[PDB]
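So the structure is just underneath, and the comments pick up after that.
In what follows, every heavy atom counts, from backbone to side chain, and hydrogens, waters and symmetry copies are set aside. Chain A is the first sequence line, chain B the second, and so forth, proteins listed ahead of strands; every chain is numbered from 1.
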Amino acid sequence: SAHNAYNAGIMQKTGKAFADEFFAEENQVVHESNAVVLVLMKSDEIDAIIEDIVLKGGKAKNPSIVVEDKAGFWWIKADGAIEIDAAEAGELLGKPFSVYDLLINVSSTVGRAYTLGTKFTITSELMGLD
Amino acid sequence: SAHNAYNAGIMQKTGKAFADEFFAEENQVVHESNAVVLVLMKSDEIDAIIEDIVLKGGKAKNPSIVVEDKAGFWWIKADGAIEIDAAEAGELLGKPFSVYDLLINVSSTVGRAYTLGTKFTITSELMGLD
Amino acid sequence: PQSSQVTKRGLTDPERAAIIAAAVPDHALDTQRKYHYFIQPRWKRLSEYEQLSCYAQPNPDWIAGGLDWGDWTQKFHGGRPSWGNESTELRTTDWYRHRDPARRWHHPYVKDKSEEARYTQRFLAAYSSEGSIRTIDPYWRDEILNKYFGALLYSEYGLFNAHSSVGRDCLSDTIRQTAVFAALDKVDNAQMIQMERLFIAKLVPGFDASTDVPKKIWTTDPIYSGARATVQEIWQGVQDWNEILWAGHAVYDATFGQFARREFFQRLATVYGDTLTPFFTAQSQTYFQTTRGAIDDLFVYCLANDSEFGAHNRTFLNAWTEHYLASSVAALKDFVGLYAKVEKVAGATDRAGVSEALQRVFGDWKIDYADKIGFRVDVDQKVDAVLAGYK
Amino acid sequence: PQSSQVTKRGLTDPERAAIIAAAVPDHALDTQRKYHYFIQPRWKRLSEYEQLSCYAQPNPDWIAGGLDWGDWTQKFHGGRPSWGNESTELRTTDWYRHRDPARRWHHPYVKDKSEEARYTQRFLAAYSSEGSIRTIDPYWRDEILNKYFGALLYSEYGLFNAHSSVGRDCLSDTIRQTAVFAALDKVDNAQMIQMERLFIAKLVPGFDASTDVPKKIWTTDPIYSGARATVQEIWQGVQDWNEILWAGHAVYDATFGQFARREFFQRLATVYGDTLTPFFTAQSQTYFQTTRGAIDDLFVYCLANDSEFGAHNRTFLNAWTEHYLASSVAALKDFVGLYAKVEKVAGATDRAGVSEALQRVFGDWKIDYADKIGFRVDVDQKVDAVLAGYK
Amino acid sequence: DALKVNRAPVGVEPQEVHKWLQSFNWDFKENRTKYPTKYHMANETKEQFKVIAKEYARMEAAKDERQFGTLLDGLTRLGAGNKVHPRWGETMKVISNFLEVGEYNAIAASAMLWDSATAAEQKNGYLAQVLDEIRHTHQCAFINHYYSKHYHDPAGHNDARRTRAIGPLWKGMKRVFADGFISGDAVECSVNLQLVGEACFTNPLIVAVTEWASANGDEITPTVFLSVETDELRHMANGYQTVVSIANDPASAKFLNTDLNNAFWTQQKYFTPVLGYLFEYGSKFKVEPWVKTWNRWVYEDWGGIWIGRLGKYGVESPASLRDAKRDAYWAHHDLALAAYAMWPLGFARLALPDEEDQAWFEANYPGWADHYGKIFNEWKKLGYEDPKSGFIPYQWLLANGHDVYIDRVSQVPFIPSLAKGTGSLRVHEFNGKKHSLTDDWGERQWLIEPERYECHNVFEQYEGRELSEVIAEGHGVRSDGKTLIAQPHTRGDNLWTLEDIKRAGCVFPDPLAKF
Amino acid sequence: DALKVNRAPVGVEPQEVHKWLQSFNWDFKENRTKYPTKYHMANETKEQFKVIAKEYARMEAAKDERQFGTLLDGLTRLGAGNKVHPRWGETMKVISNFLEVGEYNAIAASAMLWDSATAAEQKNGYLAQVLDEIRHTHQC
Amino acid sequence: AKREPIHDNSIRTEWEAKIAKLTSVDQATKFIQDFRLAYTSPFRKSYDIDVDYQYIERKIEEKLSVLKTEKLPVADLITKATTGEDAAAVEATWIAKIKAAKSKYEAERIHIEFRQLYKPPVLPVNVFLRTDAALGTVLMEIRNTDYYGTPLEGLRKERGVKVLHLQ
Ligand SMILES: [Fe+2]
Ligand SMILES: [Fe+3]
Ligand SMILES: [Fe+3]
């Protein structure tokens, strides 16, 4: 699952090493990536969702989930999809918590995001085209 | 206004000197104080009221006002009374600000306190007995 | 330059924060982070409402449910305990059992009521601008609403003060939150009724918003005779804190309170062109339904079905219900005389329309309350007793 | 662990906080702390509404009021500027002059509507539990309210989409906020109506909350034929963003809209025993008066009295009002045929009642809008024009 | 019945209303967009995050209460406003107010999508986007309003809405995330504003910067920016829906790759060097090389999760990508040369890279020391920071043949004799007017669409005028009327005045007059 | 009149309601406190902060939103929960919980003052204090 | 050349005096079209007032507009151009013109010239904006056809620029 680290691949190189791969011929066009990136804004509810949903149940279903500490937010990258059930978070927090209450601290989504029922999903799939 | 400092009088002494005055015979009964103590919770609204109301107009009319920084709150002590007009705070802050909105961050009072119109007033007067 | 010290903050001051970080271990010293985990949850999971409310009251073991021990530190003269079983005829295996189905701790309660507080002022500024008051029937506005709806504020105020001893005497935390929130909603109802009278006074010249006439009607007019008597008794005649809550909310306010607010003033307002009163009764009805859920859980789920004392509690509830239903039936009989003063509308203020109204209140109450404690009641008999006051 | 740096926070990390504190001067570098001090305050002192809003639009000096210079970096194909004077017939010395009297920037606007959003659901939960729908007139509910109040949501939806070009084309920040807030309130009105229809469906078996009958009525029934024509014109027939705001809020919605929402469905609700609809009209009416205040300032204070272009602007406003008032009169003329379907109530649905209702709408409209732009209007003439469509 | 009804407690959930939103639209002949567009395909999509008006307000209001609670109560009680490093506090003057204009134009751009959409759900969705961008405008405004009250230099925070007209950096900001959105095809806004603007660049601009603010003591910006981007995921979703309609229709799909490439170059031409400059040079503590932040968010993640995935449906990798990566490595160092050299035209106090900054720059961008570090060090030895030195680098640049040009299209400054980024100077005369272009993508746009790119640049407007006269006319001063807002250092003493600027004798030339 | 009416925007302020609060009480024989007291004097006092139920909630809800914004959003993002010196964090176990029971008892003690009060303004005022102490309990 | 101050200069003062002599709608219409044909668009006749023409043009618009409301009948404000032409006629005339253009260079000229001549207050705003959109739709489609097909060197010849410098 190391391929979904924030510093994966070229990001690990420095100086001439980085510049050489960055300007390499093969790296002048985009490469299709099967991953998604979800940014979660740190707060009391999110820090509880990160530890007890994304990293417990979420990482069990999807071993490729990588969660990184970016001071003010959480950086999550995973192959395929990431899901968060607002119902599961509500039971975890002991207070009402609909999908829109979940979206309060979901900052960025690199991927296709939608809400079905009580579940927020960021998926690599291209709905309408696949 | 030196008598209204937080560390006025016996509070200046330390060790045996403080103990000698603390246990002094004259100091075993309360002594009537004409002062009042106001505590304001430090917030954006209150930091502006402190600097532009209490320490400008308020201190001009009552030069005995002392304002002390206590990390989380402002400690204000003054002879007679302290008044804060919420209408003046509304103009200063440029947003609706009724007298109950002033009370959001008015923590403690040592004295008689009331709301007359848009004015909050803490006073050493004894309404009902004086 | 101040006399006292400017205290350096441990969170930001580099020297103190360094000392703090060095002292904090690099691991948790326990893995249980659910605040008051040992509370038995009522629902699928434990709620913040329960974590913040449950077991706040320090009861000893000799008060059913208490987790502490020993006598109180200080008691009344003569020896009355700080809290004691002598405060109510009702018994249970655990006074902590009660759960507000709305799960109101303080914050959500004032959060909701603030929304209603701010929206009401906006609605009134717009309603004055709209001139919508122009289409209201003047007799209804001046001779019925102004006088008898304003008189009704004293019933709400009276129910509010009935909680004053309940808030001191009751025996668990969640019960105390239910009672106190119920009490604020009642004084709000009274204040809100007077707000509307003050509001109409600004739009209608000569509309007298003073409480003199309403007070005269509440204290002397036979229309509210039985209502005032029941309220004075519930409020000041008894001190069983369970009896007050039951008689006040489950009997009086569920029968007389419901008929006055919903079946008379709210319903008839939509028969006489009143576009304003249904904005205010919408709040009193929402408060009633929210109070009822909590009152219901206390007396049905907890008290009437307590494994050991359910049948014991039902004996007192049935005796109470018998007594205060009589006082309410008498209050309604006195109240339905006000229909002689309203202009007759088909199916609303005629004998047939009042009967359907009475059948609704007594019928709803039989399902909502009587069926749940085993109280038998012939609804048609109750309707006919009150209708004997209709003219 | 992790591949990237857990970067240290300068606020709490002892080393970075020490570096920061050493570089922060011990004194301020300027004493002007009033954000955008150079905004000319409309009121006694500069408001936070003005500080956050005014001059957000990066307008050059060749758009009246702008503080910037030069041409835009990128223009449309052919040369249409990003914003330009060609977008409206109206002229002014300063497009920044406008001020919403409610002083709504984004945060107070959603804070106020969040209250309505949460209170509505609590009110609906209580109302359903109250069973208060039992007293409503079944014919009014099924044949008038469901079908025709439902059809009116298309009028509101139409007025909402009228703002799409307005939100792109208008020339200042406070106007743009006024417009966008006005539009969200309008799609809200459309959504709130369908919410009421879905709610009654849960309470009354057989009550169809589908929009098919309302849509079939809006698009074919001659009752809304005149209203739909006017809306389609205001929405898609014009692009002068000032003409859209004026014809939409100050003419059509202030005459047809005010009559349909307030004089018909809200007033008649309180005559047919409807305890539910007034809760929803109370919101659209509040939204209308709050939109009117902003709209009234843009066209009366700013445009009809601009020191150089006031009379010039009144010329266009008069021509617009003349045109769209005739459209709305014809819309009302078709609409009063609906009174043929309702049950006769004295002084509400008879000819004298409809006349008094028409006098109120046109009477209020003369005072609120016409007199302020120099538009002459025979109120009796307009009332008899609409009353010609009453059976 | 009059006596029997189901008295179960019910309300109406948001998605119950939203289910009927599509039926709110009705058909008439004139029900079509008012704006010019090449894209005429059917676009009857479903809004991904089904929102109604009330629910929109309840959700956003909940965000504000937590945000303003943190700012107005907690961080103020901590005194966090004056706990920011000066370099970063100055940077937020530019970042916040510049982003504010982008949010402001995004309102208008979203309105065009609102107007040009056909599905009633997407009209209702785009109105919510329009509301959000107003929220974003007031949020960016609140940062500078907050800094103005609690930060040790309110000048620039307090008046950027007029003091930004003075300088050349503001010009290109009026295109990158402003005119580039709202002045063109309305349906193409789903590509420029959304697929590129929102899906690609808001992440490094609004999210990634949060970590840089935290590193430099700024906890105000994360509190607000992180809340801003929570609206953007709804915007990306709505934009992607329309892109699906364009890629699935062969007639309109032949306009997609070109508009994507123009949009990407339009936005990166400015965003890449300007944000790179502000991150690396406007900070004391750095999080990571700008070129790695770009590689993570732009090239790999956006390029792969969005453009590469869409590659299976005709969407090509942008032909300007090779040139854009070269800009990501060097263009912001080029931009720093111009920004430091023309510091008196800005509204922020700048700090030359200190000995440890220079070590960092040369380590992550080998070559930086010999090319840029030497110039910066020579400027310091000539008195760059001293107000009595009579030295300002712009005149030095003209003395050594390092002339500065403004791109007629992007407004980005170009110093061809020092630039390592993508660029080459093309100077054309057309109809008696001289134009300077800087890259093959901007020049092609100008050659094909000259009536779209007529923006006056700073040299054309200020020609022959002394520097301090321009600054005083544009109100680039503090409250005492004579001390500049902009400064070439971030200390508290020896601030430059108008008279100090006049001593240097700087007068604006016509850079194209030599041609 | 059905056509003429003042259409100026007006509402009703807290102090306009609270003016009529004293008249809400009426006289009957049993209208006295239920608790034992030595103090049987006239206590027909005024409440110095005119408070009504709607305004009480608006004011306290405003306090709550800023406090919970700071805790749940601001301080959590800064990790301040584990930036406490261990000595002081332990002390807050007993300070906050012991204060909790004092706030909880203050609910009941205020309810006694509520019951023993004879002025409707002070009866209403003491119910506001009763709610304050429930707030303080859930805060601790 | 030394520029005068940005917002108040002798050049703007001079044209404002020139504008104040306009006393009829026909005079101001001829004055505003001559101004727009000579100083606006890339095909302007002169750049002598580059930094001032946009403000000056605004002040011309303000004069013509006031004259229209003072002198023209109300119906003419809505349905006719200040040239006397039928507004709807101008729309169809110019839509069919640019639709008959054979190249992006013929198309772009027709659209530019429409704006130079009929930009409000000459043509009623409502008629102008929807005509400008129709022209812009046609101009945009012909330009975005084979957008990268012509190399730069060819695009320079086709545009007719004089190349002064290529680094
Ligand atoms: Fe307390
Ligand atoms: Fe945005
Ligand atoms: Fe956006």
Side-chain angles (χ1 to χ4, degrees), chain C residues 11-19 21 102 111-112 114-119 122-123 125-132 134-137 258 262-263 266-279 281-283 285-290 292-293 345 347-348 353 356-357 360 364 368, chain D residues 11-19 21 111-112 114-119 122-132 134-137 258 262-263 266-279 281-283 285-290 292-293 345 347-348 353 356-357 360 364 368:
Chain C
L11 177 68
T12 60
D13 176 55
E15 299 179 9
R16 286 179 166 189
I19 292 174
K111 176 173 161 63
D112 301 354
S114 169
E115 295 163 351
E116 300 152 6
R118 304 186 73 254
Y119 174 50
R122 288 199 302 281
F123 158 82
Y127 189 89
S128 35
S129 307
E130 289 278 304
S132 299
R134 281 171 290 186
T135 57
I136 203 182
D137 173 73
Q258 280 303 87
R262 186 194 71 206
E263 287 299 331
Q266 175 178 271
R267 190 267 176 109
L268 300 186
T270 67
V271 105
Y272 295 116
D274 185 336
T275 68
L276 174 57
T277 307
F279 185 92
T281 66
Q283 298 187 1
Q285 296 326 102
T286 294
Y287 299 169
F288 175 84
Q289 289 305 325
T290 291
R292 173 173 80 88
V345 184
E356 285 184 314
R360 283 189 291 268
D364 297 3
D368 288 333
Chain D
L11 177 71
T12 60
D13 174 61
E15 170 163 355
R16 293 188 163 176
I19 301 185
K111 170 183 173 63
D112 294 345
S114 178
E115 305 165 341
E116 297 136 27
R118 301 182 82 257
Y119 170 49
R122 292 191 309 268
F123 160 80
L124 291 184
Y127 186 93
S128 58
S129 301
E130 285 270 294
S132 295
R134 284 174 285 188
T135 58
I136 202 182
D137 206 295
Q258 279 310 84
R262 181 198 69 205
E263 292 296 341
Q266 169 180 273
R267 192 271 179 98
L268 300 183
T270 65
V271 102
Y272 297 119
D274 188 336
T275 48
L276 181 73
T277 311
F279 181 90
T281 58
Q283 295 186 30
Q285 292 330 92
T286 293
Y287 297 164
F288 175 83
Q289 293 294 336
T290 301
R292 167 163 83 84
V345 183
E356 281 185 353
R360 279 188 300 272
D364 295 357
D368 294 327

Under 4.5 Å from any heavy atom of chain C - which part of [X]:
| X | value |
| --- | --- |
| D:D137 | neither |
| D:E356 | neither |
| D:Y272 | backbone |
| D:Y287 | neither |
| D:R292 | side chain |
| D:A18 | both |

D:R134/C:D364 ion pair, N-O < 4.0 Å: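 Looking at D:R134 and C:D364, the cut-off is met.
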Part of C:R118 lying under 4.5 Å from any heavy atom of chain D: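 Both parts, backbone and side chain.
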Close side-chain approach of C:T281 to C:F288, heavy-atom, < 4.5 Å: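 Not touching, per the 4.5 Å side-chain cut-off.
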Options [options], ranked by heavy-atom pairs under 4.5 Å with chain C, top entry:
| options | value |
| --- | --- |
| D:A117, D:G353, D:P278, D:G273 | D:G273 |
| D:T135, D:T12, D:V271 | D:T135 |
| D:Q258, D:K111, D:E15, D:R262 | D:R262 |
| D:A17, D:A126, D:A348 | D:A126 |

From CD (C:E116) to CD (D:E115), nearest 0.5 Å: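 Reported value, rounded in 0.5 Å steps: 10.0 Å.
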Atom of D:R267, atom of C:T275 and distance for their closest heavy-atom approach: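 Looking at all heavy atoms of both residues, the closest pair is CA-CG2, 4.4 Å.
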Nearest heavy-atom neighbours spanning C:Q266 and C:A282: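 Closest pair (atom of C:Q266, atom of C:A282, distance): OE1-N, 3.9 Å.
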Top contributor to chain D contacts, counting heavy-atom pairs under 4.5 Å, from C:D368, C:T277, C:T270: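 Going by pairs under 4.5 Å, I would pick C:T270.
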Residue pair D:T286 / C:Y119, side-chain donor-acceptor N/O under 3.5 Å: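 No.
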Sidechain-backbone polar pair: C:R122 side chain, D:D112 backbone, donor-acceptor under 3.5 Å: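 Indeed, once roles are kept as given, a pair shorter than 3.5 Å links the two residues.
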Donor-acceptor contact present, side-chain C:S128 to main-chain C:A125, <3.5 Å: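 Yes, C:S128 side chain to C:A125 backbone: donor-acceptor pair under 3.5 Å.
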